[PDB]
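Participant: Pasting a structure below so you can have a look.
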Amino acid sequence: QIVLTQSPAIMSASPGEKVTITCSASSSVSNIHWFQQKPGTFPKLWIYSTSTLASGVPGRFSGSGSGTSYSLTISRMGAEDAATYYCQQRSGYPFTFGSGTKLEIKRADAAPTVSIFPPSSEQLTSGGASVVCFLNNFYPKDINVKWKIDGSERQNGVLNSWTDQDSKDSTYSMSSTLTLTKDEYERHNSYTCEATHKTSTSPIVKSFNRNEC
Amino acid sequence: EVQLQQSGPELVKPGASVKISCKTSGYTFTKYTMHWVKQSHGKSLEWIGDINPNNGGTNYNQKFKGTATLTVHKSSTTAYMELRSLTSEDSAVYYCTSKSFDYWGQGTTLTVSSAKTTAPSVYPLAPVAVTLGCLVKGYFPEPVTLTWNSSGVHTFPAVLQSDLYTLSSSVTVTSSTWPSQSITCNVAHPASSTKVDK
């Protein structure tokens with residue numbers, strides 16, 4: 001099997017930048033094909049036969065390379081251009097794909113917009129209690145969120161989940177959900193979730209008290 | 001419009017068999033070879049094999065032979081792929097491709113597991136601009152739809172815990188609208204459940 005290793009695996013480029021993602025084949029191939037897949041969509045033939053641009057593709061995209069090493073190059077990164085680009089070889093059997101190169105847009109470091117919520121009565125009456133925490137619109141994705149219950153860190157029961165970079169402002173949003181029993185809930189008062197992000201010297205704190213805030 | 005409409009998402013026992021559909025349109029069905037691609041966890045696209053329509057000529061990846069069985073229906077212009085002896089390792093997204101990988105199918109998401117389907121419990125998230140939220144807790148098959156009435164919406168990807176998925180959604184609206192105007196969150200499926208909230 002002709003392995004196809006892509007390099008780099010993931011990258012952040014600012015708009016208007018020149019990107020060159022490569023593709024190395026383990027054994028020589030004739031052509032290489034490139035695919036573009038955006039999160040939640042199927043792949044799209046981007047450039048085939050190494051140099052040919054498919055219909056729709058912008059002229060800033062170009063394919064080059066020969067025998068063992070090929071490459072895609074974007075003359076100027078566009079917002080639209082963020083995606084994962086796979087290299088494919090059909091010159092041998094079976095057909096193989098590249099590891100993928102994830103493209104992300106580099107932008108201005110932002111701080112998150114934290115919001116805290118207490119268990120809904122519906123949930124509370126159900127027997128469980130989850131305190132949710134939304135950390136909206138930040139860049140970089142690197143962010144640390146800690147749950148503190150009466151000044152005590154809870155590790156187990158926390159459910160984190162980042163979104164894929166926002167198409168409009170190019171930022172990520174987080175969501176941490178600490179889940180405990182109704183019993184554990186009604187015993188502790190100060191619930192705090194703090195984001196130790198890269199824009200914060202001091203962690204962004206959001207806190208609430210179980211009975212009156 | 002050339003379109004390859006594949007069948008919907010499916011959940012199957014580790015041992016069960018499944019047959020994915022791919023009914024094509026807008027192009028000479030028989031002029032091109034139908035391909036099937038496997039999309040594992042993340043970024044792992046694998047060529048399972050192909051078949052030549054009308055002529056039924058197959059060509060398989062050595063790895064998928066035995067489990068895979070590509071067949072076709074020249075009349076209904078529908079390709080098929082049967083996957084038998086499924087395991088958790090066979091859970092992924094499945095595409096069919098044509099005109100030399102130019103036309104791709106929408107994809108069929110398959111989950112192989114003994115875990116029982118489960119209707120979710122949706123919870124309204126009010127405070128204590137106005138930021139609000141909706142939490143849908145505990146459903147098993149991964150597909151779920153969250154909308155708000157009908162845009163500061165932020166739906167977060169589902170995360171699986173103890174054979175149950177959990178998804179949240181935040182929407183940021185202005186103070187001069189809420190509560191005078193209701194903000195409801197609509198949730199759909201998991202166990203044929205459809206729920207509206209606040």
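Which chain is which? The protein sequence lines are L and H, in order. Using the authors' numbering, the letters of the first sequence correspond one by one to residues 1 to 213. Using the authors' numbering, the letters of the second sequence correspond one by one to residues 1 to 128, 136 to 157, 162 to 209. Cβ coordinates follow ideal geometry from the N, Cα and C atoms, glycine included.
Can you tell me whether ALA9(L) is buried or exposed? The criterion is at least 16 other CB atoms within 10 Å of its CB, across all chains shown.
Facilitator: Flag for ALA9(L) reads exposed.
Participant: Helix, strand or coil for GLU46(H), going by three-state DSSP, please let me know.
Facilitator: In the structure shown, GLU46(H) sits in a strand (DSSP, three-state: E or B).
Participant: Per DSSP, which residues does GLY98(L) bridge with? Please list them.
Facilitator: BP columns for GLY98(L) point to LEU4(L).
Participant: What's the C-alpha gap between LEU103(L) and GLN172(H)?
Facilitator: Between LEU103(L) and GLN172(H), the C-alpha separation is close to 29 angstroms.
Participant: If you follow the beta strand (DSSP E) that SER152(L) is part of, which residue opens it and which one closes it?
Facilitator: From DSSP, the beta strand (DSSP E) with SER152(L) extends over 152 to 154.
Participant: Which residue marks the beginning of the alpha helix (DSSP H) containing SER126(L), and which one marks its end?
Facilitator: First-last of the alpha helix (DSSP H) with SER126(L): 121 to 126.
Participant: Under 8 angstroms by Cβ, that's how I've got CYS22(H) and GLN6(H) pegged, so tell me the actual separation to the nearest angstrom.
Facilitator: Correct: roughly 5 angstroms between the Cβ atoms.
Participant: Please name the residues in the stretch 138 to 163 of chain L whose beta-carbon is closer than 7 angstroms to at least one beta-carbon of chain H, in chain order.
Facilitator: Residues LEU159, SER161, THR163.
Participant: Report the residues of the stretch 87 to 114 of chain H with a CB closer than 8 angstroms to any CB of chain A, ordered along the chain.
Facilitator: Absence of chain A from the displayed structure is noted, the protein chains being L and H.
Participant: Just to confirm, are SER114(H) and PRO14(H) a CB contact at a threshold of 8 angstroms?
Facilitator: It is a contact, given that the beta carbons lie within the stated cut-off.
Participant: Looking at chain L, is there any beta carbon in it that lies within less than 8 angstroms of the beta carbon of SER121(H)?
Facilitator: Taking Cβ atoms only, chain L reaches closer than 8 angstroms to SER121(H), which makes this a yes.
Participant: So that I know if they touch, is there some Cβ in chain H lying closer than 8 angstroms to that of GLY100(L)?
Facilitator: At least one chain H Cβ lies under 8 angstroms of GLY100(L).
Participant: Look up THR108(H) in the DSSP assignment and say whether it is helix, strand or coil.
Facilitator: In this structure, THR108(H) counts as strand in the three-state DSSP scheme.
Participant: Of all the residues that make up the stretch 169 to 189 of chain H, which are near chain L by a beta-carbon distance shorter than 7 angstroms?
Facilitator: So the close ones are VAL170, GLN172, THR177, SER179, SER181.
Participant: Drop a sphere of 10 angstroms on the beta-carbon of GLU194(L), count the other beta-carbons inside from all chains shown, and report buried for 16 or more, exposed for fewer.
Facilitator: That one is buried.
Participant: Closer than 8 angstroms by beta-carbon distance: list the chain L residues that pair up with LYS43(H), in chain order.
Facilitator: Result: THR84, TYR86, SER99, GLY100, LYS102.
Participant: With a threshold of 16 other CB atoms inside 10 Å of the CB of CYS133(L), please say whether the residue is buried or exposed.
Facilitator: Classification of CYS133(L): buried, given that the 10 Å Cβ count is 16 or more.
Participant: When the Cα of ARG210(L) is compared with those of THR196(L), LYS198(L), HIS197(L), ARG187(L), which residue comes out closest?
Facilitator: It is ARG187(L).
Participant: Report buried or exposed for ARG76(L), applying the criterion of at least 16 other Cβ atoms within 10 angstroms of its Cβ.
Facilitator: Burial call: exposed.
Participant: Compare the Cα-Cα distances from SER162(H) to each of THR195(H), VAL182(H), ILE194(H), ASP174(H) and report the closest residue.
Facilitator: Considering only alpha carbons, the answer is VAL182(H).
Participant: Using a Cβ-Cβ cut-off of less than 8 angstroms, list which residues of the stretch 35 to 62 of chain L approach chain H; keep chain order.
Facilitator: Correct list: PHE35, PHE42, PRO43, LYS44, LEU45, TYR48, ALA54.
Participant: What is the rounded straight-line gap between the Cα of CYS141(H) and the Cα of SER180(H)?
Facilitator: Taking the straight line joining both Cα atoms gives about 5 angstroms.
Participant: Below 8 angstroms on C-beta distance, what does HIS33(L) contact in chain H?
Facilitator: Those are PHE101, listed as they occur along chain H.
Participant: Please go through the stretch 128 to 186 of chain L and give each complete alpha helix (DSSP H) segment of 4 or more residues, from N-terminal end onward.
Facilitator: Listed in chain order, they are 182 to 185.
Participant: Contact between the stretch 138 to 147 of chain L and the stretch 51 to 66 of chain L: three or more CB pairs below 8 angstroms?
Facilitator: No, the stretch 138 to 147 of chain L does not touch the stretch 51 to 66 of chain L.
Participant: Within its chain, find whatever has a CB closer than 6 angstroms to the CB of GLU1(H); leave out the 5 residues flanking it on each side and keep chain order.
Facilitator: Contacts found: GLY26.
Participant: Indicate, with yes or no, if the ligand SAH has a heavy atom lying under 7 angstroms from the CB of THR97(H).
Facilitator: In the structure on display, the ligand SAH does not appear, and there are no ligands present to speak of.
Participant: In chain order, what residues of the stretch 168 to 194 of chain L put their CB closer than 7 angstroms to some CB of chain H?
Facilitator: Residues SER173, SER175, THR177.
Participant: Decide yes or no for the touch test of the stretch 117 to 125 of chain L against the stretch 36 to 50 of chain L: beta carbon pairs closer than 8 angstroms, at least 3 of them.
Facilitator: Contact between the stretch 117 to 125 of chain L and the stretch 36 to 50 of chain L is absent, because fewer than three Cβ pairs lie under 8 angstroms.
Participant: On the three-pair Cβ rule with 8 angstroms, is the stretch 14 to 28 of chain L touching the stretch 72 to 87 of chain L?
Facilitator: Touching, yes, given that three or more Cβ pairs across the two stretches are closer than 8 angstroms.
Participant: Chain L partners of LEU153(H), CB-CB under 7 angstroms?
Facilitator: The premise fails here: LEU153(H) is roughly 13 angstroms from chain L at the closest Cβ pair, so nothing lies under 7 angstroms.
Participant: Taking 8 angstroms as the threshold, find out whether the stretch 74 to 87 of chain H comes into contact with the stretch 194 to 204 of chain L through three or more Cβ pairs.
Facilitator: No: fewer than three Cβ pairs fall under 8 angstroms.
Participant: Three-state secondary structure (DSSP) at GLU89(H)?
Facilitator: Correct three-state label for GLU89(H): helix.
Participant: Quick check: is the beta carbon of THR77(H) nearer than 8 angstroms to any beta carbon in chain L?
Facilitator: Not an interface residue.
Participant: For a quick check, are the C-beta atoms of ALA169(H) and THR177(H) less than 8 angstroms apart?
Facilitator: Yes, the Cβ-Cβ distance between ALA169(H) and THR177(H) is below 8 angstroms.
Participant: What runs of the beta strand (DSSP E), each 3 residues or longer, lie entirely inside the stretch 8 to 85 of chain L?
Facilitator: Those beta strand (DSSP E) runs which fall completely within the stretch 8 to 85 of chain L and span 3+ residues are 10 to 13, 19 to 25, 33 to 37, 44 to 48, 61 to 66, 69 to 74.
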